[PDB]
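Structure, as structure tokens:
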Number of protein chains: 2
Amino acid sequence: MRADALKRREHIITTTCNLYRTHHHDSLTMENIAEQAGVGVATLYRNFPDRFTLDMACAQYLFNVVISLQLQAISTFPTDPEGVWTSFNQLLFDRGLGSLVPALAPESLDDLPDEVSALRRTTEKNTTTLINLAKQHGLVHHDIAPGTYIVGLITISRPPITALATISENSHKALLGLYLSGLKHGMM
Amino acid sequence: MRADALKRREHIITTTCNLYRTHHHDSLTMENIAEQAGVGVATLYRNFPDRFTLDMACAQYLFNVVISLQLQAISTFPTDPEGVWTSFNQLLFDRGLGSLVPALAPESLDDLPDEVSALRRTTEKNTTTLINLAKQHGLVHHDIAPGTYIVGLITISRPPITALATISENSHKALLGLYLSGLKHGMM
């Protein structure tokens with residue numbers, strides 16, 4: 001693939017991920033995405049034959065990015081547990097885990113294409129490794145399951161409905177600090 | 001209003017609140033609601049002239065219920081702080097605060113009719129009273145604002161997207177325990 005075609009494809013993907021964080025998910029059309037990416041509809045469609053394909057290419061890209069954050073965190077963890085644990089969660093939270101998952105998840109995780117499903121499995125495996133490190137270093141209570149942590153992180157990261165949103169987002173940003181505190185001290 | 005007309009109106013409201021907890025919010029029509037409530041469309045519409053009116057009547061009912069839970073909790077708090085604090089939050093969580101708010105909130109809280117807006121104000125005032133009691137009894141860290149607590153509670157109560165939902169909902173139910181723990185120990 002020509003270098004410029006590959007850069008253009010990557011830009012369409014990045015643009016789409018950003019749109020999912022700033023725009024109503026149901027308001028976006030292929031035409032809208034092409035326009036925001038600064039490419040023609042035909043260029044968009046040659047890369048991604050349909051909406052599902054574009055959305056799955058976005059999933060694939062995001063899983064690849066999450067895996068690199070997990071691998072950085074796993075390798076760095078032993079010599080800065082609290083620092084790595086905190087920065088890892090801050091990064092997923094601030095980068096929209098909570099907008100991107102609902103934007104891109106199909107009704108069943110079984111509908112993910114096989115390459116994406118493989119990435120999901122690696123992500124779940126790395127999460128267990130990370131949680132086990134966190135438990136080792138007293139950062140996450142031992143009774144908390146890895147799946148509970150994941151679902152919780154996705155849940156607390158979902159931005160509030162418009163009516164409850166603030167310009168600072170302080171109420172929302174504070175929720176991450178409280179979730180990590182809860183994970184550490186365990187359930188009340 | 002005849003006793004039987006008033007009971008019928010209350011049943012349409014309860015049915016609608018339950019549907020919002022079990023059904024896709026965008027999938028519901030006035031016709032669907034009338035059918036699930038066991039009433040005719042014309043009976044439904046004489047009570048509630050349009051969807052907004054029905055949804056606002058539901059909001060009004062729910063705010064009235066939340067206010068009674070707040071008043072029970074405020075009066076009972078001093079002689080069982082942890083017990084009252086926990087049961088109050090368990091009850092809003094288990095009764096779908098997290099499904100009902102997004103189902104019923106308009107884009108701006110300014111769009112609430114005046115009787116509903118008054119109920120919202122009383123609810124916010126009672127929440128401050130409750131939080132101040134909780135802080136007094138060491139259940140909520142003193143730095144946490146009442147609005148942060150509300151937004152957090154609404155956020156953690158929002159059920160997960162289908163793909164991440166489990167039959168037990170244990171991952172989800174555990175999130176409440178972790179949120180209260182975080183509130184108590186304060187931010188990490």
**Study point:** Largest-first principal axis extents of the Cα set of segment A:1-95 (Å)
**Key:** 50, 33, 20
Practice item. Taking a label point 7 Å out from Cα toward Cβ, give me the nm distances from A:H141 to the same spot in the other copies, shortest first, one decimal. Key: 1.6
Exercise for review: Please work out the Kirkwood hydrodynamic radius for the protein assembly as shown, using every pair of different C-alpha atoms, and report it in angstroms with one decimal place.
Suggested key: 22.8 Å
Check your understanding: Axis carrying A onto B: which residue of A has the nearest Cβ, and how far, whole Å?
Key -> A:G182, 2
**Study point:** Pseudo-label separations to other copies for A:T43 - Cα-to-Cβ vector, 7 Å, nm
**Key:** 6.1
Check your understanding: Given the convex hull over the Cα atoms of chain A, what projected area results after averaging over all orientations, in nm²?
Key -> 12.4 nm²
Practice item. With runs of 4+ DSSP H residues as the only contributors, calculate the mean residue ellipticity of chain B at 222 nm using -39,500 (n - 2.57) per run, divided by the residue total and rounded to the nearest 500. Key: -23500 deg cm²/dmol
**Study point:** Ordering of A:132-142, B:142-152 by burial proxy (mean other Cβ atoms within 10 Å per residue, highest first)
**Key:** B:142-152, A:132-142
Exercise for review: Would you kindly give the portion of the calculated P(r) for segment B:58-125 that falls above 13 Å, as a percent of all Cα pairs?
Suggested key: 67 percent
Review point. Taking 0.36 nm per residue of separation and subtracting the Cα-Cα distance, what length does fully extending B:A3 through B:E107 add?
Key: 33.9 nm
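Neighbour counts are summed over all protein chains in view; Cβ atoms, including those assigned to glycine, are modelled from backbone coordinates with ideal geometry. We did not get these values from a lab; they are worked out from the coordinates using the rules stated.
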